[PDB]
Each structure stands twice: as C-alpha cells, then as structure tokens.
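What follows is one structure encoded as structure tokens, with my remarks underneath.
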There are 2 protein chains.
Amino acid sequence: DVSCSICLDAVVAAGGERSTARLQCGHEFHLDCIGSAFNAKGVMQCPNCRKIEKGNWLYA
Amino acid sequence: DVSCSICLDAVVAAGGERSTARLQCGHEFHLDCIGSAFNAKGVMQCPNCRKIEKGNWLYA
Ligand SMILES: [Zn+2]
Ligand SMILES: [Zn+2]
Ligand SMILES: [Zn+2]
Ligand SMILES: [Zn+2]
C-alpha cells in the first residue's frame, strides 16, 4: 500500500473512493492533493523527488 | 488499450511516460489533461460520465 505524502493518507487504486494520480517518476498521490500542489507552484514538480515533468499544466 | 478522451493518446500508467490519473468513477486520463480540465471549472467532474467528486481542488 502506498501513502500520499501530501495528506499522509493511503492512496487506494480501487474505484469507489478518491481519485488518484501516478507521476512519471512513479510517486503516487490523491488527485486533488497533487493537483493543488502543482497549482500552487505552476509546474508539475513531484513533492517527493523534486523531479519536474515537462507536461502541459494549464489553469484554463 | 486505454485512451484519454481529452487528447486521444494512450494512457500508459506503467511507464516512465506521461503522468496519469484515475478518477473515482474509473475513467483514466493523462494528469495534465485532466488537471487542466478541472482547473477551467474548479470542479472535479469527469468529462466522460459527468460524475462529480467532492474533493478539495485548490488553486493555491
Ligand atoms: Zn493526499
Ligand atoms: Zn517523485
Ligand atoms: Zn490526455
Ligand atoms: Zn467518469
């Protein structure tokens, strides 16, 4: 089981509960946790390994 | 095969490829695709089935 380093809750792959994300570096998060973190910084930086993915993170 | 309805490219979770997301409804996207979509509306609404997840989608 993997835990989200942002909220410290378990990230669960099953359907029912909270949406999830898996970064290109392999670290996993809840979708709203990592999305809010990307929004605060404006880049897709992993809060764990600090790697920055060169995606297209847009606000609108 | 899993296709992202937003950009129509394959969603490949198990790879050093683009980051991916799985919504609570089961639908899968690229993280930047679905992140940018949620950012336009402020709501975690699946564009495929229109279900709304009551998460905390923050901009800062
Ligand atoms: Zn979390
Ligand atoms: Zn990482
Ligand atoms: Zn996409
Ligand atoms: Zn859906």
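Naming convention: chains lettered A, B, ... in sequence-line order (proteins, then strands); numbering from 1 in each chain. Because only heavy atoms are used, hydrogens play no part in the values below, and waters and symmetry mates are left out as well, while side chains stay in.
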Test side chain to side chain donor-acceptor pair (under 3.5 Å) applied to A:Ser19 and B:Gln24, step by step: CA-CA 5 Å; A:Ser19 299; B:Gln24 86 173 172; 5.5 Å; no
Full working for side-chain contact (heavy atoms from CB on, under 4.5 Å) between A:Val11 and A:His30: CA-CA 6 Å; A:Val11 177; A:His30 303 102; 4.1 Å; yes
Intermediate values then yes/no, side-chain contact (heavy atoms from CB on, under 4.5 Å), A:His27 and A:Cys49: CA-CA 8 Å; A:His27 301 67; A:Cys49 63; 3.8 Å; yes
Residues B:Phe38, B:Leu23; criterion side-chain contact (heavy atoms from CB on, under 4.5 Å); working and verdict: CA-CA 12 Å; B:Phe38 287 0; B:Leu23 304 191; 4.0 Å; yes
Chi angles and distances behind the side-chain contact (heavy atoms from CB on, under 4.5 Å) call for A:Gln45, A:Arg50: CA-CA 6 Å; A:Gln45 176 166 54; A:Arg50 303 245 170 95; 3.7 Å; yes
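Contact check for B:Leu58 versus A:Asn39: no side-chain heavy atoms found under the 4.5 Å cut-off. Within the 4.5 Å cutoff, the side chain of B:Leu31 has no heavy atoms near those of the B:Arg18 side chain. A heavy-atom distance below 4.5 Å is not found between the side chains of A:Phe29 and A:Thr20. Looking only at side-chain heavy atoms (C-beta outward), B:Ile52 and B:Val43 come within less than 4.5 Å of each other.
Atoms CD and OG, on B:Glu28 and B:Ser5 in that order, are 11.5 Å from each other to the nearest 0.5 Å.
When all heavy atoms are compared, the tightest approach of B:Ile6 to B:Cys33 is CD1-O, 3.4 Å. For B:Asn56 against A:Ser36, the heavy-atom pair with the smallest separation is O-OG, 3.4 Å. For the pair A:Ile34 and A:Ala21, the tightest heavy-atom approach, listed with the atom from each and the gap, is CG2-CB, 3.9 Å. Heavy atoms only, all atoms of each residue included: A:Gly35 and B:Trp57 are closest at CA-CH2, 3.7 Å.
A side-chain donor-acceptor contact under 3.5 Å links B:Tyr59 to the backbone of B:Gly42.
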